[PDB]
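Asks:
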Amino acid sequence: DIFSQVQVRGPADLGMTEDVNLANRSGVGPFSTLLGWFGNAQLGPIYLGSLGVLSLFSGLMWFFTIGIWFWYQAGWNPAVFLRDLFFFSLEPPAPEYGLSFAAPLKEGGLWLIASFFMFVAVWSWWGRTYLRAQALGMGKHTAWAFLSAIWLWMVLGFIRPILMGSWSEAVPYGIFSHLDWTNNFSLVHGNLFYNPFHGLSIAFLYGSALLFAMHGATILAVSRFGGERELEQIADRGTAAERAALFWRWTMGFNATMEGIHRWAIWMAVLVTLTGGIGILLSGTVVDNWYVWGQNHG
Amino acid sequence: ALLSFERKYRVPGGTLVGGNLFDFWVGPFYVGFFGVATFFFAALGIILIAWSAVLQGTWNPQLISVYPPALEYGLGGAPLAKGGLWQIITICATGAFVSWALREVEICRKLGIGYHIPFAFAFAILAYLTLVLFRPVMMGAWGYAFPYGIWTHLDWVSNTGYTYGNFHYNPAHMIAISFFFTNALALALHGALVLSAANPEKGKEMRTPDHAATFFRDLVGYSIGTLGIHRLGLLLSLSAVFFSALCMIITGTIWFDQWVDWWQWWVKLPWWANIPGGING
Amino acid sequence: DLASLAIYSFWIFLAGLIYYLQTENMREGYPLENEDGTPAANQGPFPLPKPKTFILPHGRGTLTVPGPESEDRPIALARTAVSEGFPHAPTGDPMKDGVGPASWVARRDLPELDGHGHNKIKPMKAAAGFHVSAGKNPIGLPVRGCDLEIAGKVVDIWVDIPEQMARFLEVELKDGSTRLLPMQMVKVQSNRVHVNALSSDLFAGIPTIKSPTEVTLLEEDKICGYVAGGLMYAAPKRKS
Ligand code: BCL
Ligand code: BCL
Ligand SMILES: CC[C@H]1c2cc3[nH]c4c(c3C)C(=O)[C@H](C(=O)OC)c4c3nc(cc4[nH]c(cc(n2)[C@@H]1C)c(C(C)=O)c4C)[C@@H](C)[C@@H]3CCC(=O)OC/C=C(\C)CCC[C@@H](C)CCC[C@H](C)CCCC(C)C
Ligand SMILES: CC[C@H]1c2cc3[nH]c4c(c3C)C(=O)[C@H](C(=O)OC)c4c3nc(cc4[nH]c(cc(n2)[C@@H]1C)c(C(C)=O)c4C)[C@@H](C)[C@@H]3CCC(=O)OC/C=C(\C)CCC[C@H](C)CCC[C@H](C)CCCC(C)C
Ligand SMILES: COC(C)(C)C(=O)C/C=C(\C)CC/C=C(\C)CC/C=C(\C)CCCC/C(C)=C/CC[C@H](C)CC/C=C(\C)CCC=C(C)C
Ligand SMILES: CCCCCCCCCCCC[N+](C)(C)[O-]
Ligand SMILES: CCCCCCCCCCCC[N+](C)(C)[O-]
Ligand SMILES: CCCCCCCCCCCC[N+](C)(C)[O-]
Ligand SMILES: CCCCCCCCCCCC[N+](C)(C)[O-]
Ligand SMILES: [Fe+3]
Numbered sequence: 006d007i008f009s010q011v012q013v014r015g016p017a018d019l020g021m022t023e024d025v026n027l028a029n030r031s032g033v034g035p036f037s038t039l040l041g042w043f044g045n046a047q048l049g050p051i052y053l054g055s056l057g058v059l060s061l062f063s064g065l066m067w068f069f070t071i072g073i074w075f076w077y078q079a080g081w082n083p084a085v086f087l088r089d090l091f092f093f094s095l096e097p098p099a100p101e102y103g104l105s106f107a108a109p110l111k112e113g114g115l116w117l118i119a120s121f122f123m124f125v126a127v128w129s130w131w132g133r134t135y136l137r138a139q140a141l142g143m144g145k146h147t148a149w150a151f152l153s154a155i156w157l158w159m160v161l162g163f164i165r166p167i168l169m170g171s172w173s174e175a176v177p178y179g180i181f182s183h184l185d186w187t188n189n190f191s192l193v194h195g196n197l198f199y200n201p202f203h204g205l206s207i208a209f210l211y212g213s214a215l216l217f218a219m220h221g222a223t224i225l226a227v228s229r230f231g232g233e234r235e236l237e238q239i240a241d242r243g244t245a246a247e248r249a250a251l252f253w254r255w256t257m258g259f260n261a262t263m264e265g266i267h268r269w270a271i272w273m274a275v276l277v278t279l280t281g282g283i284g285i286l287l288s289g290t291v292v293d294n295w296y297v298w299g300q301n302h303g
Numbered sequence: 002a003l004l005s006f007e008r009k010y011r012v013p014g015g016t017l018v019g020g021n022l023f024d025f026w027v028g029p030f031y032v033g034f035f036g037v038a039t040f041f042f043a044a045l046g047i048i049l050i051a052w053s054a055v056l057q058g059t060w061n062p063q064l065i066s067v068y069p070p071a072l073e074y075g076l077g078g079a080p081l082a083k084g085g086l087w088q089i090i091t092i093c094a095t096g097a098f099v100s101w102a103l104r105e106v107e108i109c110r111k112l113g114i115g116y117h118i119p120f121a122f123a124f125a126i127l128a129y130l131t132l133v134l135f136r137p138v139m140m141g142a143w144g145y146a147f148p149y150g151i152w153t154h155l156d157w158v159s160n161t162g163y164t165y166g167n168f169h170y171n172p173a174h175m176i177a178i179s180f181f182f183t184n185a186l187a188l189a190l191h192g193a194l195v196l197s198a199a200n201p202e203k204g205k206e207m208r209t210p211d212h213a214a215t216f217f218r219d220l221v222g223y224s225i226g227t228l229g230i231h232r233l234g235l236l237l238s239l240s241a242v243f244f245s246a247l248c249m250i251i252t253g254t255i256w257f258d259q260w261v262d263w264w265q266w267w268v269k270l271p272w273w274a275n276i277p278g279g280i281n282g
Numbered sequence: 011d012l013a014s015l016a017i018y019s020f021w022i023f024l025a026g027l028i029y030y031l032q033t034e035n036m037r038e039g040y041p042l043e044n045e046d047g048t049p050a051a052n053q054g055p056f057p058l059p060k061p062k063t064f065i066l067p068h069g070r071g072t073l074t075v076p077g078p079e080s081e082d083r084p085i086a087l088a089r090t091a092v093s094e095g096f097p098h099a100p101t102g103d104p105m106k107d108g109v110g111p112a113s114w115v116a117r118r119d120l121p122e123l124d125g126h127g128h129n130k131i132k133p134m135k136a137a138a139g140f141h142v143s144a145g146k147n148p149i150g151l152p153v154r155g156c157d158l159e160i161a162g163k164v165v166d167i168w169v170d171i172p173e174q175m176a177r178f179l180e181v182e183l184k185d186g187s188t189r190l191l192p193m194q195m196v197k198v199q200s201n202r203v204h205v206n207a208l209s210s211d212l213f214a215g216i217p218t219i220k221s222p223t224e225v226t227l228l229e230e231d232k233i234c235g236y237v238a239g240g241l242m243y244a245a246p247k248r249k250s
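This is the structure:
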């Protein structure tokens, strides 16, 4: 089922040590009985390290640099701040400044600072995913998967603004404002529904839901045979995996293995922002209007 | 024909309807009574779709499109060429889907597993029924449904959206998107986690689930677990689709105005409604 | 143009990728066979992938897939028709024989070990510092079968130490012997533990473990297998 009927607790687990520097690990946190009814009850420890701190510090700087701007907009009034929270917006520099780093602060400079902070924040955290894996002797699938996501973000606020000739083409920091920018970005390029990457991207998004639905319900359906213990079922096929494979073979004609299903997985999700990134990159650099392009194919 | 370990599983029984009658296979596929049901509904539906295509005078799939009845017909029947054909086709789809679900149930039983897969699928089926049955009824004409055509359907989406402004402001739409993005994120991770443990560094031994558990605690200070990430996955997807239905079933029924405008409720709370400055003052 | 280039490129990428994806899921249960066990004639467009070898922790050897497949156990099934595609009927007791929804795999007769090399799963009595932290503690509650008759009593909980999870309940039968029951196939009520798959009279048939403080992959499969099979095979004894 979706919830455990009974919870059990033991001494806090400090984990595998492999090549990890145990000096950089925190201490275990409290146990949540709340988290316990769904998954593991154990909070922490977490690994700090140099990259974690840089990431974590730049991360907050980004968030705060935006935060002060919102307050400056709110007339430092906590009431307005709450009323107008989704309306505030930190916008990129005007098209006038181009790829200039000299825009005045109220006119776009503050946006550059925030972005610079985000840039470092994100890349350091990427390097963090990689190293954490290295130090345990694991594959770097997580860092590479992560790179896909990074691709779309790189393209939205960095690579495309640069290839277009101005930062003004980037995404503003704001709740309603980044929604508007999105809606508007499609209007300008002749309706993104004709961008075949966009369409591909949607297929993989829809698919991710389809698959994670399929995989999840399956593993639950056979957890009565210890299905969730996937690494050992990969190393020694249990009846759980057979029932799993056979349920699907009998339904739609072919099937996965336990290692296999997880390759379907990582690629279906990774293709969302991979294709995505490409659809957006060509948008406005090589193709000005996807409908017209749809008319020619060229 | 059989997987090296399949035979011991191919025993009689588990059928919901009709005993041993359709209790058999065709190549890898399991038939069952509902095996037959879905085939019949699928045959019929595709036929009708081709029939629509001649009345339309195109065989090109990018062009073919079967439209519902126009609003003037309300929730009554319409002539074939004028909307009947879509109505049957819709009946046939439903027939297909539901049947496909019940077959999943029948396979579940024969194998002795839970019913989580058929159950999860029913959410997909319910989203489809929302868009072609529940919303049009409630609105008052089959004409509010989306047409069956590759691009025409994308058009319905675009037109229906823009009717209420930027649809981005539909609040349940915001929530539904959150689950879609978050689910993908989680499918990305889960897959990557298991693979990296099963496929370590060159020459190293297969990692342990423990290593996995550790990798994550080190990364974000927490690890949900094997039975967890699988319940999680199931929850995000089912949820994504649940909210997707919700955002539509309310649109046009209990809210027909611009979605952005619905946010005025927040901004017009009397305690800050008149306070000057900001964006709205 | 560029765009046209990119998209044509991608549809090609995607095609070899599926091909990859597909051949990787062919490392088990392939190649295909006929109902008599002889290799099938048509194995599909996809070749078997080149084998890969897994290096198993705790000096437990290696695993190479695809590799020689064998059930490594008798199957008590007989054909019910003269052509391919029909069910195979059990020739004895499906439960005892382990066919059908009661099937089990000839996994290793060694327990799963945690990251450190200790037995992953343990009776809680022998798991230093583990206690039921939430929910109803089953231990001591009678166990009821689908026929609404009492079959035994929980005398311990077998826990998963690395993940701090309840995997099985250890139940003591009327003759003083005990069986493991998968956690995922029991309903914990406030005054009893209800088992819908097995009727009281079948609990004794639940396969036993050779050592009282350990379970092996083989014994997990034989047990889960058996209990699951009750759902279809105990059916005449189940009332509600
Ligand atoms: C639910 C949200 C909206 C909507 C919004 C969009 C948007 C937005 C997009 C699509 C896209 C697609 N839509 Mg749609 N779509 C809706 C409802 C549907 C219905 C339905 C019966 O309810 C179906 C079958 C489809 C099917 C499709 C595909 C043609 C295409 C890729 C989807 C995909 O990868 O999913 C994931 C599923 C899988 C990978 C499993 C395999 C699915 C295959 C591809 C199914 C194809 C069926 C199709 C060819 C018709 C067969 C019917 C007859 C039997 C012949 N949509 C509603 C109205 N749809 C994208 C596109 O590019 O098409 C123009 C796109 O950009
Ligand atoms: C009016 C709106 C337009 C439109 C305009 C756009 C635009 C513009 C874009 C999309 C994009 C997308 N669209 Mg569209 N789109 C429309 C209608 C639709 C419809 C529909 C009608 O049903 C659907 C289903 C979609 C679906 C989608 C997605 C498939 C795709 C983004 C995938 C993704 O997951 O990115 C989500 C993931 C990311 C952004 C990656 C970011 C990762 C970073 C590193 C995260 C860092 C976090 C930060 C550091 C803070 C840390 C967090 C805190 C610790 C909490 N569109 C119409 C036609 N669409 C994108 C695309 O790819 O298009 C091709 C895009 O740029
Ligand atoms: C392949 C495509 C999908 C994908 C994959 C993906 N994302 C990833 C990964 C992968 C494989 C990681 O490994 C990496 C990760 O570490 O996840 C655990 C990541 C990640 N994706 C994230 C977010 C994210 N991914 C997204 C999308 C997607 N990621 C795709 C759908 C999105 C969107 C917009 O859909 C978001 C928002 C992060 C959780 C994590 C990268 C973390 C990071 O880079 O941090 C840098 C900076 C900081 C440390 C900032 C911290 C600042 C905060 C303290 C401020 C906010 C405070 C707030 C009010 C707190 C309260 C929250 C309440 C809920 C309690
Ligand atoms: C609820 C979460 C997500 C989900 C889950 C889900 N889907 C599922 C399942 C699950 C758990 C299955 O078990 C089942 C499956 O077997 O997967 C392999 C299924 C499935 N999801 C499918 C597709 C699908 N799921 C989708 C969505 C989702 N599925 C969700 C996002 C989508 C989209 C658009 O997002 C699609 C396209 C099928 C691959 C498969 C169900 C197959 C099936 O029902 O077969 C019976 C029907 C036929 C053989 C064809 C019938 C032909 C009709 C009679 C006529 C055609 C009419 C149609 C309306 C025309 C539409 C034209 C378009 C261009 C608009
Ligand atoms: C409670 O009040 C305090 C002050 C305590 C707070 O902390 C509150 C803070 C909040 C109010 C913060 C609110 C923050 C949000 C509303 C943020 C929303 C952010 C988004 C919706 C972002 C969407 C998209 C962002 C994109 C795509 C960013 C892309 C960035 C980049 C790729 C970076 C590019 C780098 C640049 C241009 C500079 C590079 C320079 C070099 C030298 C390399
Ligand atoms: C992981 C393999 C599954 C990939 C699904 C491929 C089918 C998607 C079809 C999308 C139709 C797209 N397009 C380009 C015309 O917009
Ligand atoms: C993006 C393409 C989606 C449609 C693909 C449908 C394939 C159905 C699976 C057929 C497998 C066949 N079999 C059993 C004869 O081997
Ligand atoms: C978009 C998803 C499409 C799925 C790709 C179809 C793969 C079909 C594989 C059929 C395998 C045939 N076999 C060997 C099982 O008989
Ligand atoms: C799954 C059902 C989906 C709806 C399919 C269309 C049904 C239309 C019914 C109209 C028949 C006539 N009328 C108006 C007299 O009721
Ligand atoms: Fe999994």
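Protein chains in written order, with UniProt numbering: chain A, 6 to 303; chain F, 2 to 282; chain L, 11 to 250.
C-beta atoms are modelled at their ideal positions from N, C-alpha and C, and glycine is treated no differently.
#1: Among the residues of its own chain, which have a CB less than 8 Å from the CB of residue 151/A, if the five just before and after it don't count?
#2: Grab the span of the beta strand (DSSP E) containing residue 180/L for me, first residue to last.
#3: Among 83/L, 98/L, 84/L, which one has its Cα closest to the Cα of residue 90/L?
#4: According to a CB-to-CB cut-off of less than 7 Å, which residues of the stretch 107-121 of chain L neighbour chain F?
#5: Let me see if you follow: with CB-CB separation under 7 Å, is residue 150/F close to chain L or not?
#6: Between residue 242/L and chain F, is there a C-beta pair that is closer than 7 Å?
#7: So residue 223/L is in the beta strand (DSSP E); what residue range does that whole segment cover?
#8: For ligand 6, any of its heavy atoms closer than 6 Å to the Cβ of residue 208/A?
#9: Report the residue ranges of all beta strand (DSSP E) runs contained in full by the stretch 127-152 of chain L; include only those spanning at least 3 residues, in chain order.
#10: By how many angstroms is the C-alpha of residue 168/L removed from the C-alpha of residue 142/L?
#11: With a threshold of 6 Å (Cβ to nearest heavy atom), would residue 22/L be considered close to ligand 4?
#12: For residue 85/L, go through chain A and note every residue whose CB falls closer than 7 Å to its CB, in chain order.
#13: So is residue 1/A in contact with chain F if we call contact Cβ pairs under 7 Å?
#14: So with Cβ pairs under 7 Å, would you call residue 145/L a contact of chain A?
#15: Can you tell which of 212/L, 234/L, 110/L has its C-alpha closest to the C-alpha of residue 247/L?
#16: For chain F, is any of its Cβ atoms less than 7 Å away from the one on residue 50/L?
#17: Any beta carbon of chain A sitting closer than 7 Å to that of residue 6/L?
#18: I'd like the list of long-range same chain contacts for residue 290/A, defined as Cβ closer than 6 Å, with 5 residues on each side in sequence excluded.
#19: Any idea what DSSP makes of residue 101/L, helix, strand or coil?
#20: If residue 126/A sits next to residue 64/A, beta carbons under 8 Å apart, how far is it from one beta carbon to the other, in whole angstroms?
#21: Give me the Cα-Cα distance between residue 232/A and residue 163/F, rounded to the nearest whole angstrom.
#22: Just tell me which of 94/A, 58/A, 114/A, 123/A has its CA closest to the CA of residue 75/A.
#23: I'd like the span of the alpha helix (DSSP H) that includes residue 90/F, first residue to last.
#24: Examine ligand 2 and report whether any of its heavy atoms sits within less than 6 Å of the Cβ of residue 154/A.
#25: Looking only at C-alpha atoms, which of 171/A, 39/A, 16/A, 45/A sits nearest to residue 32/A?
#26: For residue 35/F versus residue 100/F, is the C-beta spacing smaller than 7 Å?
#27: Could you pull out every residue in the same chain whose Cβ sits closer than 7 Å to the Cβ of residue 90/F, ignoring the five residues on either side in sequence?
#28: Applying the 10 Å Cβ sphere with the 16-neighbour rule, what's the burial state of residue 81/A?
#29: Distance, Cα to Cα, residue 191/F vs residue 18/F?
Replies: Concretely, from the data shown:
#1: 131, 134
#2: 175-183
#3: 98/L
#4: Residues 109, 110, 111, 113.
#5: no
#6: For residue 242/L, the answer is yes, since a Cβ of chain F falls inside 7 Å of its Cβ.
#7: Neither: residue 223/L is in no beta strand (DSSP E) and is coded neither H nor E.
#8: yes
#9: 131-133, 141-145
#10: Cα to Cα, the separation comes out at about 11 Å.
#11: no
#12: Those do not exist, as residue 85/L stays about 13 Å from chain A at its closest Cβ, beyond 7 Å.
#13: The structure shown has nothing for residue 1/A, since chain A only spans 6 to 303.
#14: yes
#15: 212/L
#16: yes
#17: Shown here, chain L extends from 11 to 250; a query on residue 6/L therefore has no answer.
#18: 168
#19: For residue 101/L, the three-state secondary structure derived from DSSP is coil.
#20: 4 Å
#21: 46 Å
#22: 94/A
#23: 85-112
#24: yes
#25: 16/A
#26: yes
#27: Residues 46, 49, 50, 67, 149 of the same chain have their beta carbon placed closer than 7 Å to that of residue 90/F, with the five preceding and five following residues left out of the count.
#28: Exposed, since its Cβ has fewer than 16 Cβ neighbours within 10 Å.
#29: If you take the alpha carbons of residue 191/F and residue 18/F, they lie about 38 Å apart.
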